[PDB]
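Peer 1: Below is a structure I'd like to ask you about.
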Amino acid sequence: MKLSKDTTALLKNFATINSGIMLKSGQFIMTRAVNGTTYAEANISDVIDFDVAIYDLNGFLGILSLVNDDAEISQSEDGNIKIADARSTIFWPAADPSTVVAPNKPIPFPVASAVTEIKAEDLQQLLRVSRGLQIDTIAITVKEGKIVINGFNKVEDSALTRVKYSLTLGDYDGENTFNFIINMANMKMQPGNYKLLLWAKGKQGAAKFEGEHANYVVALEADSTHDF
Amino acid sequence: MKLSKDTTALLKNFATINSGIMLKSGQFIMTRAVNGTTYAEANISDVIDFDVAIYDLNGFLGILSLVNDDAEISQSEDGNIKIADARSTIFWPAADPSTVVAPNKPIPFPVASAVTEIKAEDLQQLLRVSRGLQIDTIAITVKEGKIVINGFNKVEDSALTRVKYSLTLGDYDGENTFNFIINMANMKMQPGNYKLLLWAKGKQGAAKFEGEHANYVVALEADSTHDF
Amino acid sequence: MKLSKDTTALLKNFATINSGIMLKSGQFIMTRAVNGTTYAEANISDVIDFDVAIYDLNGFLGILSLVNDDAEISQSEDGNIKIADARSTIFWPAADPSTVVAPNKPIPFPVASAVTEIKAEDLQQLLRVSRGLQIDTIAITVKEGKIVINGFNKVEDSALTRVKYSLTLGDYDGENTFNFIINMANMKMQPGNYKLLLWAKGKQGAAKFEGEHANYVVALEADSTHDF
Amino acid sequence: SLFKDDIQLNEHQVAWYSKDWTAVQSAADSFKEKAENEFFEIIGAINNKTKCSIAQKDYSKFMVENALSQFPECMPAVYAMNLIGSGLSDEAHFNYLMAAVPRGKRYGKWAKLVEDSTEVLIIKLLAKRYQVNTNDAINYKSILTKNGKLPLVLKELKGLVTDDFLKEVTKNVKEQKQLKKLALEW
Amino acid sequence: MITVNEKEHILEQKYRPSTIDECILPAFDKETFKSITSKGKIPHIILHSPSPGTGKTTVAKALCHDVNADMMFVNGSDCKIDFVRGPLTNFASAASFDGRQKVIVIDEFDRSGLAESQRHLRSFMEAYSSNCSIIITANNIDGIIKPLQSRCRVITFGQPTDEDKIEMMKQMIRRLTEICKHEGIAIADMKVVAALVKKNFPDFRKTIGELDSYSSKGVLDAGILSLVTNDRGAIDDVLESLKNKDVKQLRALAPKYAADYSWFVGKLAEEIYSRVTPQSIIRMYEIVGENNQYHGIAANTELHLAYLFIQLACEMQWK
DNA sequence: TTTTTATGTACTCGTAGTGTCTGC
DNA sequence: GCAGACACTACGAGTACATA
Ligand SMILES: [Mg+2]
């Protein structure tokens, strides 16, 4: 079996969440951060036919780029990963499972406490203005009807008061307020439109972003206001 | 006498073998590492018109990069190297011939014990994979009829048994069995296609690479095996 | 008052001559080395309205580099100096003027006994070649009707016999013969074009470089020879 | 931690498995305990006449002599080794000190001068400004104290106290306080 | 019974023991090593001894050979911080499909300039201890940071008891006899082997080197015994002249040793130390220290050494 | 039971700044 | 075709040694 450039691109984006990854047989890939604060899942076209744990995914994808696109991938007799080309062959090592952190099961996202959607333009603008104005922490909030996402600077402001950026997405219908603060360190998604689900309970919370290829789940900080 | 950019690139590649070089009047240049691991010979377009030894070839090529490409290289009245530019002139010292380790005569390579050919694409892939899998030694051996280059990482694999890379060149119709180990550090050549000659007589051995412009002799590792 | 980034980059160059600087009321700054081997002057845009002596110029410019570009600079009520900018305010101790070496009098450079020019590209090439050829002194003289700069390595050439570098600066037209030696250590100037005024009389003399930002006068070496 | 299970790893595992090398650097600096020495096992042999071979131990003529110089009973031997013993071997130095220093359980605390960091700073400032030696600077300080001109002179010199100068004054990072002490010098 | 590596021509490298039982160790150390090999798993160990050639590298490799471990032998001087971040992590995180315990041998890791890397290594040990173990060897134990020493079993080679020394020397005599028999070296007098073993203890590498050096003519007879029991740099003439207060012979001997003044003065103090009274030791060290302190100051150096000879001959009380 | 002199010289390691060439 | 990657140098920290 092979790996299309979009599959390798999804894996390369996943590599920003974890340097390693766990692959089980099927057509479904996933990964978790070591601190469990972010998570990613994806339904992909190419088929996985043998379970393997990968220690360094970035170098693996680079070596895949070093050979042809029709590179056959299989499991060598010693247990490693064989990559067969026309005349060349690569033997990438297989990792021990105890040295890579993987989600033990696909996470069951509960009922969405709130929902919205984000166009790709808003996401790219948010990323650019964060890189610019040095935004390290964001927060979703409700104003006079619409749901907006604001961003301060947690280093220069431990109390979260100076709104250095804000962006408007859609309208909110309900009766409960929710100002969820989230750290930017758990924000590794490829650009595009995302259907945003948000769940909260008690001091805990999560935010799922459904995309065409992958879904990205992000945790909330400790002192996040719920009002649910 | 000007120096075409091909000549200067060849001189840089030669400088990676020996910090200094001894070039005599003609169109033939050669160098050999001080530790006697690699040797290089080549013919080039530009014509050397005076014998001179350069103690620091790298600095000479730097000051050459510091002036126009059409600079005129001659022998100064004092006996040094005069690089004439538009408004400026650089005088580079001529080293004492005894203070530069250079071959006495062009060493003639013996009749080969095995012959094959390496395409420039295979060599580039080998080098890039060596950067990738961090393989530091190679072994030219026979694999069921064909001649193959196996690439090992001697740091984590000291017995050279865990093959990390494998390349297939041509087939071997002979009856001998050999395993020539070569240290990657001694592969100081520039890209291109090379007829690969391999000579071995009991304790003696060497590997020659014939290119369309340059020939590179490389010493094998001490624990190479053969039955010639 | 604020210091535009050109003023700051100029002061960073003026710190290369003297570790401190004395700023007096006006649109004009100056400094000299403590040993008196080089002196600098510059007409600056930003107006200096109060006298203030800075002993530690590099630390002061590090304070400046951190807190924005529109930083309001003044002297504090107690007696030090104050730097306020929106988010912060920093106090820096004002040193007594006797604690900073100041040239006291703006040196009125006499009418030049020789005039020439040197472009930014020529000066850059000269500095690069000197860094390459280990050149530490230069000699401005008249060669075959043109004004040339010869670069020597005074270490391996104590008497300045073997010319290592040569550059032409144009015709001379005059009737005098000279050889002004300049130690490269005394040229703390920033890149750019420079009008070069060489003046000499009896045992005294100097070399003035009028640039696009500042003027740098430097002292000749001991055994400089002229016939003015 | 979205995954509310997990036995949870220690900080070292989280740092290494994530390959965040700044966290790895902090985890390694966690083990930055410093200053190990066993010189006083040698001195005891010199003092208590214990058997001790320095053929495998690290030796320090300065540390041994300064440790033995804290008690007058050993000052003859330390004096002799300070005069004629500089060109001797470490083994010879130790052998002589064992043969000569009289037996005794004398271990105690070294005599160290406790200094006024502010007064040291003032003396160093006065020595830097007037280009004088240390005792000339102390005499200048005396004269300026009994004249009342010292606040004026300290005010004129307050700009000379750069952050590198405080390193020469005192290595205690509480040097920052003296910095403010010098900022408010009027 | 004996391990021979035909690839090596150097004698001490040709007969390197390959098993814990073959090594000549103290009784308690060998017992602990046999226990380690028997229990199947290797802990984090630090084998240290300032005396070279006691068996640290040999014992590390022999533990890895008895356990049949996946050994990664590494030059400690190359085990810099990038080596721990890279090759060590690559080797620890690699999956093992054969049940072999992963063991990393860091030979001669006692360089101070590697302290930072060592700290990293300590953190490494808290993340990949369940995957692999580390066997450090060192000469200067103080070159290993205190957390590494505390986390590992620190075994001090070259620190035996008297009975341990007797037994080890008998075993080394037997081993040298077997090496001679393998090498075609005829032993005409075993006293030669005994003298070599006792002279070069506890440096076994140097012992086999001395065997190779003195076994040049292929026979170990009384001549080789007299050559081994000799001291080629012996100063005995000066010592006997001082003991006899012979001014003529000391006057004659001054120019012979005046050329290498520093070395001769050092060796003369070293030799006189063991042959004189404690107060004579005090006086000798004072006299020698003064005479050496005024070395570059005196005008006539031969006269200076004769002056030292007169002083020593007058003031020494030989036991 | 405690515990470090000044100045000059040499080396190694780690990292950050910096310049320069190049791959999908 | 230009961010990024690769390599090279400059500097701080730690260590060590000789001599006074
Ligand atoms: Mg060893």
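Each chain in the structure tokens gets a letter, A, B, ..., in the order shown, and its residues are numbered from 1; ligands are numbered from 1 in order too.
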Fewer than 3 positions away in the same chain doesn't count, so skip those; otherwise give me all residues within 9 Å of residue 216 of chain A, counting only C-alpha atoms (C1' of nucleotides), as number ranges by chain.

Peer 2: A: 38-42, 187-189, 207-211

Peer 1: For ligand 1, list the contacting residues at 7 Å or closer, counting only C-alpha atoms (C1' of nucleotides) and all ligand atoms, as a PyMOL selection string.

Peer 2: chain E and resi 56-57+107-108+137

Peer 1: For residue 93 of chain B, list every protein, DNA or RNA residue within 10 Å, evaluated using only C-alpha atoms (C1' of nucleotides), and leave out those in the same chain fewer than 3 positions away; present the list as a ChimeraX atom specification.

Peer 2: /B:52-56,60,76,78-82,90,96 /C:133,164

Peer 1: Distance atom CA of residue 32 of chain E-atom CA of residue 156 of chain E, one decimal place?

Peer 2: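 Rounded to one decimal, the two atoms are 12.3 Å apart.
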
Peer 1: Please determine, counting only C-alpha atoms, which residue among C:87, C:21, C:64, C:9 has the shortest atom-to-atom distance to chain A.

Peer 2: C:87

Peer 1: For atom CA of residue 192 of chain B and atom CA of residue 161 of chain B, determine how far apart the two atoms are, in Å to one decimal place.

Peer 2: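 It comes out at 29.2 Å.
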
Peer 1: Could you name the residues that touch residue 18 of chain G at 12 Å or less, counting only C-alpha atoms (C1' of nucleotides), but leaving out those on the same chain fewer than 4 positions away, as a VMD selection string?

Peer 2: (chain D and resid 86 to 87) or (chain F and resid 7 to 10)

Peer 1: Can I get the selected residues back with N, CA, C and O atoms (P, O5', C5', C4', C3', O3' and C1' of nucleotides), as an mmCIF file, in the first residue's frame?

Peer 2:
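So the final result, stored in part-v1.cif, reads:
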data_model
loop_
_atom_site.group_PDB
_atom_site.id
_atom_site.type_symbol
_atom_site.label_atom_id
_atom_site.label_comp_id
_atom_site.auth_asym_id
_atom_site.auth_seq_id
_atom_site.Cartn_x
_atom_site.Cartn_y
_atom_site.Cartn_z
ATOM 1 N N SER D 86 56.687 24.948 47.757
ATOM 2 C CA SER D 86 55.943 25.238 46.535
ATOM 3 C C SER D 86 56.379 24.346 45.377
ATOM 4 O O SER D 86 55.548 23.954 44.550
ATOM 5 N N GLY D 87 57.660 24.000 45.307
ATOM 6 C CA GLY D 87 58.145 23.155 44.234
ATOM 7 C C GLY D 87 58.170 21.677 44.573
ATOM 8 O O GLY D 87 58.812 20.888 43.873
ATOM 9 P P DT F 7 43.704 40.176 39.936
ATOM 10 O "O5'" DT F 7 44.691 39.471 38.893
ATOM 11 C "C5'" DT F 7 46.091 39.708 38.977
ATOM 12 C "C4'" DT F 7 46.841 38.978 37.874
ATOM 13 C "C3'" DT F 7 46.216 39.079 36.480
ATOM 14 O "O3'" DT F 7 47.219 39.445 35.532
ATOM 15 C "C1'" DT F 7 46.631 36.811 37.034
ATOM 16 P P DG F 8 46.812 39.914 34.049
ATOM 17 O "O5'" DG F 8 47.250 38.681 33.146
ATOM 18 C "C5'" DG F 8 48.590 38.231 33.192
ATOM 19 C "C4'" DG F 8 48.687 36.806 32.700
ATOM 20 C "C3'" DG F 8 48.056 36.561 31.328
ATOM 21 O "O3'" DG F 8 49.063 36.267 30.381
ATOM 22 C "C1'" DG F 8 47.546 34.826 32.893
ATOM 23 P P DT F 9 48.686 36.118 28.830
ATOM 24 O "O5'" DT F 9 48.328 34.566 28.672
ATOM 25 C "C5'" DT F 9 49.276 33.584 29.049
ATOM 26 C "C4'" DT F 9 48.667 32.193 29.008
ATOM 27 C "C3'" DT F 9 47.908 31.846 27.722
ATOM 28 O "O3'" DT F 9 48.631 30.867 26.987
ATOM 29 C "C1'" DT F 9 46.813 31.044 29.692
ATOM 30 P P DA F 10 48.176 30.464 25.501
ATOM 31 O "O5'" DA F 10 47.213 29.209 25.724
ATOM 32 C "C5'" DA F 10 47.725 28.019 26.294
ATOM 33 C "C4'" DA F 10 46.609 27.026 26.558
ATOM 34 C "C3'" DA F 10 45.673 26.774 25.374
ATOM 35 O "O3'" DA F 10 45.855 25.456 24.887
ATOM 36 C "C1'" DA F 10 44.487 26.986 27.447
#

Peer 1: Any idea which chain D residues end up within 7 Å of chain A if we count only C-alpha atoms, as a list in words please?

Peer 2: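 In the required form, that comes to residues 1, 2, 3, 14, 17 and 18 of chain D.
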
Peer 1: Next, dump the selected residues to file, keeping only N, CA and C atoms, as a PDB file, in the first residue's frame.

Peer 2:
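New file out34.pdb:
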ATOM      1  N   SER D   1      -6.095  17.690  30.047  1.00  0.00           N
ATOM      2  CA  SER D   1      -6.117  16.241  29.878  1.00  0.00           C
ATOM      3  C   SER D   1      -7.523  15.743  29.558  1.00  0.00           C
ATOM      4  N   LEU D   2      -7.880  15.757  28.269  1.00  0.00           N
ATOM      5  CA  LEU D   2      -9.193  15.277  27.846  1.00  0.00           C
ATOM      6  C   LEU D   2      -9.447  13.859  28.343  1.00  0.00           C
ATOM      7  N   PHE D   3      -8.444  12.998  28.224  1.00  0.00           N
ATOM      8  CA  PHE D   3      -8.517  11.614  28.683  1.00  0.00           C
ATOM      9  C   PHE D   3      -8.451  11.608  30.204  1.00  0.00           C
ATOM     10  N   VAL D  14       6.963  13.043  30.418  1.00  0.00           N
ATOM     11  CA  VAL D  14       6.240  14.009  29.599  1.00  0.00           C
ATOM     12  C   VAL D  14       7.215  14.849  28.786  1.00  0.00           C
ATOM     13  N   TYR D  17       9.041  12.078  26.022  1.00  0.00           N
ATOM     14  CA  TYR D  17       8.151  11.520  25.008  1.00  0.00           C
ATOM     15  C   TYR D  17       7.617  12.605  24.080  1.00  0.00           C
ATOM     16  N   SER D  18       7.360  13.799  24.618  1.00  0.00           N
ATOM     17  CA  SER D  18       6.943  14.923  23.789  1.00  0.00           C
ATOM     18  C   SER D  18       8.091  15.513  22.988  1.00  0.00           C
TER      19      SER D  18
END

Peer 1: Using all C-alpha atoms matched in sequence order, least-squares fit chain B onto chain A and give the RMSD rounded to one decimal in Å.

Peer 2: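 The fitted C-alpha deviation between chain A and chain B is 1.0 Å.
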
Peer 1: Could the residues of chain E that have an atom at most 8 Å from chain D be listed as CSV, each with its closest atom pair and the distance in Å to one decimal, counting only C-alpha atoms and ordered by chain and ascending residue number?

Peer 2:
residue,atom,partner,partner_atom,distance
E:50,CA,D:56,CA,6.2
E:51,CA,D:56,CA,7.6
E:116,CA,D:28,CA,7.9
E:119,CA,D:28,CA,5.0
E:120,CA,D:28,CA,4.8
E:121,CA,D:28,CA,7.8
E:122,CA,D:28,CA,7.0
E:123,CA,D:28,CA,5.5
E:124,CA,D:12,CA,7.3
E:126,CA,D:12,CA,6.1
E:127,CA,D:13,CA,4.6
E:128,CA,D:13,CA,8.0
E:146,CA,D:33,CA,7.8
E:147,CA,D:31,CA,6.7
E:266,CA,D:89,CA,7.5
E:269,CA,D:92,CA,7.8
E:270,CA,D:92,CA,7.7
E:278,CA,D:99,CA,5.9
E:279,CA,D:99,CA,7.1
E:281,CA,D:99,CA,6.8
E:282,CA,D:96,CA,5.6
E:285,CA,D:96,CA,6.3
E:286,CA,D:84,CA,6.8
E:289,CA,D:84,CA,4.8
E:290,CA,D:84,CA,4.7
E:292,CA,D:87,CA,6.5
E:293,CA,D:84,CA,5.9

Peer 1: Take the residues just selected and output them with N, CA, C and O atoms as a tab-separated table (two decimals), in the first residue's frame.

Peer 2:
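What ended up in result-v8.tsv:
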chain	number	residue	atom	x	y	z
E	50	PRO	N	40.16	4.40	40.00
E	50	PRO	CA	41.20	5.25	39.42
E	50	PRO	C	42.36	4.46	38.85
E	50	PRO	O	42.98	4.91	37.88
E	51	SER	N	42.66	3.30	39.40
E	51	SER	CA	43.72	2.45	38.88
E	51	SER	C	43.30	1.86	37.54
E	51	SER	O	42.30	1.13	37.48
E	116	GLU	N	26.76	18.64	32.22
E	116	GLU	CA	25.43	18.96	31.71
E	116	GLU	C	24.79	17.76	31.04
E	116	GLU	O	23.67	17.36	31.38
E	119	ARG	N	23.60	15.31	33.50
E	119	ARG	CA	22.32	15.71	34.06
E	119	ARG	C	21.17	15.27	33.15
E	119	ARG	O	20.22	14.63	33.61
E	120	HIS	N	21.28	15.57	31.85
E	120	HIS	CA	20.29	15.08	30.90
E	120	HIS	C	20.13	13.57	31.02
E	120	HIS	O	19.01	13.06	31.11
E	121	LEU	N	21.25	12.85	31.08
E	121	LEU	CA	21.20	11.40	31.22
E	121	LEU	C	20.35	11.00	32.41
E	121	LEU	O	19.51	10.10	32.31
E	122	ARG	N	20.53	11.69	33.54
E	122	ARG	CA	19.73	11.38	34.72
E	122	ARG	C	18.24	11.48	34.41
E	122	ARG	O	17.47	10.56	34.70
E	123	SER	N	17.83	12.59	33.78
E	123	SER	CA	16.43	12.72	33.37
E	123	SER	C	16.05	11.59	32.42
E	123	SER	O	14.97	11.00	32.56
E	124	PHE	N	16.93	11.26	31.48
E	124	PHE	CA	16.71	10.12	30.60
E	124	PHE	C	16.40	8.87	31.41
E	124	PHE	O	15.46	8.13	31.08
E	126	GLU	N	14.93	8.53	34.12
E	126	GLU	CA	13.60	8.55	34.71
E	126	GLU	C	12.50	8.36	33.67
E	126	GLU	O	11.32	8.27	34.05
E	127	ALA	N	12.84	8.30	32.39
E	127	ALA	CA	11.86	8.11	31.34
E	127	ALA	C	11.98	6.77	30.62
E	127	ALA	O	10.97	6.22	30.20
E	128	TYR	N	13.19	6.24	30.49
E	128	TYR	CA	13.42	5.01	29.74
E	128	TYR	C	14.07	3.93	30.60
E	128	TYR	O	14.77	3.05	30.08
E	146	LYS	N	26.63	13.55	41.26
E	146	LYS	CA	26.09	12.83	42.41
E	146	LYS	C	24.75	12.16	42.14
E	146	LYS	O	24.55	11.04	42.65
E	147	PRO	N	23.80	12.75	41.40
E	147	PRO	CA	22.57	12.00	41.10
E	147	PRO	C	22.80	10.70	40.34
E	147	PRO	O	22.13	9.70	40.62
E	266	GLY	N	63.01	14.74	42.71
E	266	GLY	CA	61.77	14.06	43.05
E	266	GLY	C	62.00	12.60	43.42
E	266	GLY	O	61.54	12.14	44.47
E	269	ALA	N	63.91	12.25	46.82
E	269	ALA	CA	63.01	12.40	47.96
E	269	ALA	C	62.13	11.17	48.12
E	269	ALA	O	61.96	10.66	49.24
E	270	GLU	N	61.58	10.66	47.01
E	270	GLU	CA	60.71	9.49	47.06
E	270	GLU	C	61.43	8.28	47.64
E	270	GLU	O	60.84	7.49	48.38
E	278	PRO	N	60.99	9.37	60.99
E	278	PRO	CA	59.98	10.43	60.78
E	278	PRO	C	60.52	11.85	60.86
E	278	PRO	O	60.24	12.67	59.98
E	279	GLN	N	61.28	12.17	61.91
E	279	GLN	CA	61.91	13.48	61.97
E	279	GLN	C	62.92	13.66	60.84
E	279	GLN	O	63.08	14.77	60.32
E	281	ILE	N	62.33	12.41	57.97
E	281	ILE	CA	61.43	12.72	56.86
E	281	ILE	C	61.13	14.22	56.83
E	281	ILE	O	61.18	14.86	55.77
E	282	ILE	N	60.82	14.79	57.99
E	282	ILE	CA	60.59	16.23	58.09
E	282	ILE	C	61.78	17.00	57.55
E	282	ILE	O	61.65	17.89	56.69
E	285	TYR	N	62.41	16.57	53.70
E	285	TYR	CA	61.49	17.32	52.85
E	285	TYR	C	61.78	18.81	52.92
E	285	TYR	O	61.73	19.50	51.90
E	286	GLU	N	62.15	19.33	54.10
E	286	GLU	CA	62.51	20.74	54.19
E	286	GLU	C	63.75	21.05	53.36
E	286	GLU	O	63.77	22.02	52.58
E	289	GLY	N	62.96	20.67	49.58
E	289	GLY	CA	62.12	21.77	49.14
E	289	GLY	C	62.89	23.06	48.98
E	289	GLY	O	62.73	23.76	47.98
E	290	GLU	N	63.76	23.38	49.94
E	290	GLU	CA	64.56	24.59	49.82
E	290	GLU	C	65.50	24.51	48.62
E	290	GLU	O	65.58	25.45	47.81
E	292	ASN	N	65.31	22.79	45.92
E	292	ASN	CA	64.59	22.88	44.66
E	292	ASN	C	63.99	24.27	44.44
E	292	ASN	O	63.91	24.73	43.30
E	293	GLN	N	63.59	24.95	45.52
E	293	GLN	CA	63.06	26.30	45.40
E	293	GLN	C	64.12	27.26	44.89
E	293	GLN	O	63.82	28.19	44.13
